[PDB]
Amino acid sequence: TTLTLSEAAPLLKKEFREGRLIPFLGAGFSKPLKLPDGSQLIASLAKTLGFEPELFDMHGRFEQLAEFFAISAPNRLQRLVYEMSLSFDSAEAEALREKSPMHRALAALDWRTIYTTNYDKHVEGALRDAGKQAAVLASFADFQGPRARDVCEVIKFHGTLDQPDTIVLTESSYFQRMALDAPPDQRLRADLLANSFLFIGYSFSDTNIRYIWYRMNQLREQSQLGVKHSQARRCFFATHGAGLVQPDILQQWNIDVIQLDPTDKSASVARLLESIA
Amino acid sequence: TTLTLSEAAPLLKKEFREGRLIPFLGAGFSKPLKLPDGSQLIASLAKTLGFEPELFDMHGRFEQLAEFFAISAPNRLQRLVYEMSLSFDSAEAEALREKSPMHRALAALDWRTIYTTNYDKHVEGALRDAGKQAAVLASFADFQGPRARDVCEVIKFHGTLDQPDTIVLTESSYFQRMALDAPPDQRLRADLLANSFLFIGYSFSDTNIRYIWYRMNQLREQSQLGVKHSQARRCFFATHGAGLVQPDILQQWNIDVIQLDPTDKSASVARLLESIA
Amino acid sequence: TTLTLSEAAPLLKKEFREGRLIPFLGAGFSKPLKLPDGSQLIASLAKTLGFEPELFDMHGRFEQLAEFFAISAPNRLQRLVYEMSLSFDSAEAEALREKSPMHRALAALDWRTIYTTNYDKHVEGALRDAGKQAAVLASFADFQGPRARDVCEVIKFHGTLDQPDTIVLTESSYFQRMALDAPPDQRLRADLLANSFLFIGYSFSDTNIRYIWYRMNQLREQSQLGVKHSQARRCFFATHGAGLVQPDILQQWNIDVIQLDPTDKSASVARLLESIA
Amino acid sequence: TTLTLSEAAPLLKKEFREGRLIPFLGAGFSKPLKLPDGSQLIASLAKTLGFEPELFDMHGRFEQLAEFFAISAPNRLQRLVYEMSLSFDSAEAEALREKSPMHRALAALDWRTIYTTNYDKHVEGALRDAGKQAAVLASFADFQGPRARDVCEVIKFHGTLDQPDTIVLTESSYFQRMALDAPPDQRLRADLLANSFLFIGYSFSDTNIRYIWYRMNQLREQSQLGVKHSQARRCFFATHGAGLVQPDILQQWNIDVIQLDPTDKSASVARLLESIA
Amino acid sequence: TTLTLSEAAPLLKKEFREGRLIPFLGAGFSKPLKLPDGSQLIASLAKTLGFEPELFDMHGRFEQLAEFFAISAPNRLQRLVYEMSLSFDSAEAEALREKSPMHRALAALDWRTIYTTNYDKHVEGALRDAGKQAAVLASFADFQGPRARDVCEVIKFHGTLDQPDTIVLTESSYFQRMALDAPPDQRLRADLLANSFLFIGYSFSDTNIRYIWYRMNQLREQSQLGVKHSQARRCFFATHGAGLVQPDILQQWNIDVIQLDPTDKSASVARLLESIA
Amino acid sequence: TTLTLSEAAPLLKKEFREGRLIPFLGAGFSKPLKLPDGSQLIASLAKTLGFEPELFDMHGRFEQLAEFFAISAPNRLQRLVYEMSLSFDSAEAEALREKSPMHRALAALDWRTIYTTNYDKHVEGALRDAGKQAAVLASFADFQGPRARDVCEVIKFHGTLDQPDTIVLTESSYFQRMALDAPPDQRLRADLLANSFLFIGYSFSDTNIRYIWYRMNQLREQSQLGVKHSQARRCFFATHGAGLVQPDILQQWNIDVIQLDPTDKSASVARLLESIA
Amino acid sequence: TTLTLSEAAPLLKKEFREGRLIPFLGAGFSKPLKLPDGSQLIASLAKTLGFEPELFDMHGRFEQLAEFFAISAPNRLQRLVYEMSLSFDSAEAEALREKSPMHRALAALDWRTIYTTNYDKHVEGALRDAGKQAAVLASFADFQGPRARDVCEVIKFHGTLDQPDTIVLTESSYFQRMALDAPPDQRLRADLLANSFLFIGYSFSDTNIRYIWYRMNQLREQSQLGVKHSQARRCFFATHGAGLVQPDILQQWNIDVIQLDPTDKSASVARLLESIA
């Protein structure tokens, strides 16, 4: 129950010719950019509170340690968003983004809507390197602004570093995004009615994208509760290690798992995006 | 920011004299009963599908492996609920429940409402051993039935083994209980307006009780959005290892952490429940 | 499809002996108290804005005219709540409440929970005249306060005049109570799981209690979505003119219509409450 | 250093003929209306918290006990404002206000501005009984509303019972009115530049009107800091017991003390207001 | 976001019929009177100190050069106020004031309060030419003096030439008027609670009226900090060149910009004041 | 809601190890020195004006009787400051200060800043008896003088007897210190941003320290009006009789009440200061 | 009336040996770092709104154009703070800060308190390059945090780029800092009582530092209003072009102007800071 590269290539091409394919890009898409972890950044900020860096990481997950800065030392949480903006969007990360085959193969296609969950600017900046125009959509003021219909709309699902009050990084902020009331969430509610999604750069043990995978399936079934049940467009999830139990769970959430070649992570994603063209 | 046994004893006693203390019992409360894990039970059922027991546990969490039985082999999921009912409610588990000081100290108090998240019958059966009456509340038909006001109402928050369609054990069932639409959830919505909660038997890395801890705080703040902000009753969470970061997070969720003695797990919980008397 | 007085008397008595009958009292229950209309009060306050009283009533419903005071002249809306507190809870209204057979027959029964939607104090004050104790529940601070189990809890579903920030009288306040997030709404979510309701003092053209009648039925059906469908307790609505189409609609909302004698409005309600005893 | 009735009568008449006399009415002006104390009302509300009425009065001043309701039981503070509105503005208080010679002698004069610090409506209602028009000014919306120049403007310096959010009764509300930032305070800042004040109904041990007496003198001296020092209009304070030290202190605060006849309190104030005519 | 002449004419007329419109007149209102600049006057007085007139103007703004006379040669600062009184209030300036359509259209309306920031007497003298009475208010002794209610009160916000110690012309005097403690400032604190303002004769680069525009908005928002936020009366600013960014800033300071016809400066202001009639 | 001696000892020790604890010493700290009252001193000076000592005390508070000397007989007010300097700083008061356990336990700690409100020299002289250096700060010339960083700065909040023009003892001087413009007040404005305060030697009925307790809380909340609300350091107030209502009021002013043993007043304060060490 | 380099060197050295000299660093101190203007940055962001960069600069000052982004397009104002953090604190600005003689001569001295008004981190980073420790103080949470007494406290008077809600860059934010209520303002109120200030890097036409220069002088004179007038420590302002009128104005604001050599701007400031050593 797992597609290969050559099997999923005519399936993704049929969705793209009629304009109903939306990428949903994760943290693994920014892996060739050699960015800092963020868990390493939050551990070095804990030295001022008396923590050793290996000891502060012991007391919980990354969003839980950011919850601790949000309530006990709020000036260090704003310091964390500050030095991620210097690191994730540095000039060295732009130079790797010029030569990355993943970001070139993404920008070679005329997308209409691209979703991403990472905070850096390298999804839009890939489109600017190909001479294409992109529109960042993170806050309410971004949706209200005018733009052309030719411009690909890149919705920052968890905020952008140039709008620091849109960042979803504290644990309480992840819990209140489960109600789906943010402006990126309301845009997702209408796009799942018409489109198929291509999830790239996630793991099966994320537990945040798994709730989103569940809730998209529940909103598709709720949208056809009184009418006869019609068949929906299949979503897709590109993986390098699929496992043996998790692709069967994902199939009931309207998501087909694509096994990519695990020898070179960046090349096999680039061959997937070029087979759509 | 952590209470001890002697510091939290007058705080719990003040809530109990005016009838506003509700226990919220977890899987660690059934620890002295020597029950099977359930993850061991689901691994032995995977031998018929060709899995080694250590290899089937590798492919995900326990609720995710139960999702796999719910969609690929539904007769093995009903087999799992069957042999948990033979194991969790056996005659050997009742005999340990007679002599358990945790279950005796729980039943020595005249509670009005007891919440529990475990499937076994040993929360009510502790009350039956003390000569007291208990009312199991898991489904809609349980709430509709008549009972006296003297009877302590034990609400099974995740179902009961004698009503197998109320069991919340599949991963998709945990996700749809986050909307809080079940009859145990609607009872929780009214009890958080008036009562303080005593959480016993959980870990900080549960990620299901953490959403409940968040959502109770959000429903308290939403219930006083137009009126002036008044102070609410503090909830409590008894722990044997509190850590160093997690009790500060819990304090902003209206929950005070009680450090119990970690040398004997069962005795220190029993000294907590006897200090309320 | 309409019950009479003698037919509904053993049905209401069976619900009351097992403590599962809750009155839900409307504006028609305060009809013998000779209170001002409120629409007459809001019209006389419009003289300072240049309106004739018959002309200001023309421009919309009562909750819509109160919306106009909430946004264009907020000091007149607080004046309206002020002079309803002098009029609805006057000493002349208490003297009629002493001799009213509706309020005496209500207080002759040992209720556990009484719901009411009117702002005046004459539901609790009927219980104080019979020597019984009542607990007013309107805000979050009311639920947090301590009380005995013998005391009948009177939940003010639309606020109380002694807590003016709990008043649901503006049109926007009626629309945001349709989400059911107030503390009287969260108490209603748990009481519909176990109880039957006796609606007294409403009209079929209210359009606010009709949404509540719909939403109670939807929450009963949602509470048994996975289990087998069991039969719920029937609710009741006492009427003096039932009509011919509306009792059939109410039957599908789990509500049976009781035809009372329309010759004397106050006496026929009093014979209904005395047949429960 | 104390004026009598006949000595202060041509001094008050000269200020009134040129329209520069403003009454500043205290709680002693509402003394013939036989109103409840308020300290008696706050003591009877403390029975629900377990206090005896003589014991709750022991723990501080009246504004300090109202501070206790504002932070520990906010629904009882709104209950206090509720039952003062039923008591201070009752029909029995209006009937005594018809026949009170103090309120008749106040309304016999064509005032331009009347200040009062008490919450009841009997300063305006005295003017309505004489067939004159009055404009209540307590909140920002009251000043924004239109009115004629013939209408006497009655500024409620500590709020009005029909606008409960304007009430200055909590101790923290008295402390934040010392900065003089309320709309009644900003009106006082401009009226002290041109007018003389007649303080009626205060005691020397009030400690709130003494700060106002100090701060008015400081704002007069600050308004002529660069120009040559000119002589200001004298303010007046009518008293029944003046003492021996306090009238000398008040003279340096630009206030002359008028000794009234202490045998009948209400008659001697009425002879003062009729000597102005 | 800019009103025209015909659009702002019913808005100004509605404020004037209910007596809530106050003009706030600047230096551009005295432009047709052909007065000397003052910067030309202070440059010619610097010849005695060894300055060329074009070189003395180089060393700072006009209020900064007047600061230099206040501390290094105080007899030349009093000479400056002397020869402005001979020039701004000369007989030639009165003859142009007789025939000025701006000053005739101002005096054709029955104002209650007129504010002005210029030192000359031509705001009151316009009212004396129309046979109307005016009261100059600049110092503390002016407010203390008696007057009738029919008389329009003209408050000199920066002093008058006949009271030379009230002149606000030194830079240190402008900085200490930012605290708003002068008698014209205390009158402004009470008039912003009830009135709308018509600002005529200023530029956007003044930096003194911009602080007053900010501080009026801050005092309106501070006056409704505890009550519900009600809508205030809009202020107005008549301009001949509005620009493109500055009218949006002024709208958040409760000020609407009126674009007048820039071909004839004096005629378009006169058509504005005649449309109010 | 009241700390004991053993409960507040680790809370005060944590503030002292990081140098963020400032004592704020009242008149009760100079109680073992057997000083004259001052009210007894002002009564004996009134014999020359014809007053009996028990009759002069009747006419007002102590600061009000000192107001009477400031305006009617100024040579007796300077006589009062003279004979307090002979009495409060006598050689007999120094000998009791040598053996006082309160003053020894205060000087055993290396404080950085000590505030006091009493006029005598026994706060610095306790530090001189322990061989430590102290710097008196009362006037502007005291702050301008040079000193080392090791020296504890003792700020006389109401003046010192060796600088008689700094004494805050007249009632008008207490009212003008409510604006917080003195050099001890400006130092307090910066120290509340970083430090926690230990209030020792006051009563709840002082009404001057209560305004300071309010105004410190208002300046903490004003200092974080635009940023997210962070938690401040708790202040402390040591009491021998705490009462039942006043500790709840003080908790909302960021002040925790410490109940000391009332059997021996001086010993229980000394055990508090030695538990910090 | 202007000091030279050699004349002001023993005056600055006497203030530094007794620890009473505080630098107050402006935007001219970050001039050798080759930073972008900010007015150039705000003009390039206006291209998305349809403005040419030379045309958007025409419509007002820099703080006024930032007011326009704060109210009409708030996502571009957060974009402005974002790309100043990438530009002002880049790695190229750190490399110039290593070799800058101004920043080396500043860090060669053991300062106790350094004030700065620019947003970049190069005042603290100069101290980190010399192996010294610095403490950034911008928000309330920064003052509450613990630190040693050896550490130089660098107070960011207008905020820091790592705490974006502390930035004072909008025009309305400059106007509300004139009341001096921020935590950097409250620290300035206490430091002017004891210290002398060295202002480096400002112009005479700033109009924001001129209000601060005025208000510091007013707070020194207000702090000695009742005591005899004592002489205060002189403040200093280092300039490359002093002019001829402005140094006389600054002398009355307790500030002596130091004429530095205008041929090399960076070298003459470095010779000033090395003459203090």
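Computation of the quantities below employed the complete heavy-atom set of this structure, encompassing side-chain atoms and omitting hydrogens, waters and symmetry-equivalent molecules. Just so it is clear: chains get the letters A, B, ... in the order the sequence lines come, proteins before strands, and each one is counted from 1.
The two residues F:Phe24 and F:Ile209 make their nearest non-hydrogen contact at CE2-CD1, 3.7 Å. Across every non-hydrogen atom of G:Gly159 and G:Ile167, the tightest pair is C-CD1, 4.1 Å.
Most heavy-atom pairs under 4.5 Å with chain F, from the set G:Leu193, G:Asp165, G:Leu192: that is G:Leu193. Counting heavy-atom pairs under 4.5 Å between each of G:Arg112, G:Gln144, G:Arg187 and chain F puts G:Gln144 at the top. Across G:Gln163, G:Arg220, G:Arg147, the residue that shares the most heavy-atom pairs under 4.5 angstrom with chain F is G:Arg147. Among G:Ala190, G:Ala141, G:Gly226, G:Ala182, the residue making the largest number of heavy-atom pairs under 4.5 Å with chain F is G:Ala190.
Between G:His122 and G:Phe88, the distance separating the two ring centers is not shorter than 6.0 angstrom.
Checked by atom type, the side-chain pair F:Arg234/F:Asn254 shows a donor-acceptor distance below 3.5 Å.
G:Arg177 places a side-chain N or O within 3.5 Å of a backbone atom of G:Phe157 that can act as its donor or acceptor partner. Within the 3.5 Å criterion, the main-chain N or O of F:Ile276 finds a donor-acceptor partner in the side chain of F:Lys13.
With a threshold of 4.5 angstrom between heavy atoms, G:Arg20 approaches chain F through side-chain atoms but not through N, CA, C or O. For G:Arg149, the parts lying under 4.5 angstrom from a heavy atom of chain F are both the backbone and the side chain. For G:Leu137, no part sits under 4.5 Å from any heavy atom of chain F, backbone or side chain. Heavy atoms closer than 4.5 Å to chain F are found in both the backbone and the side chain of G:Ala232.
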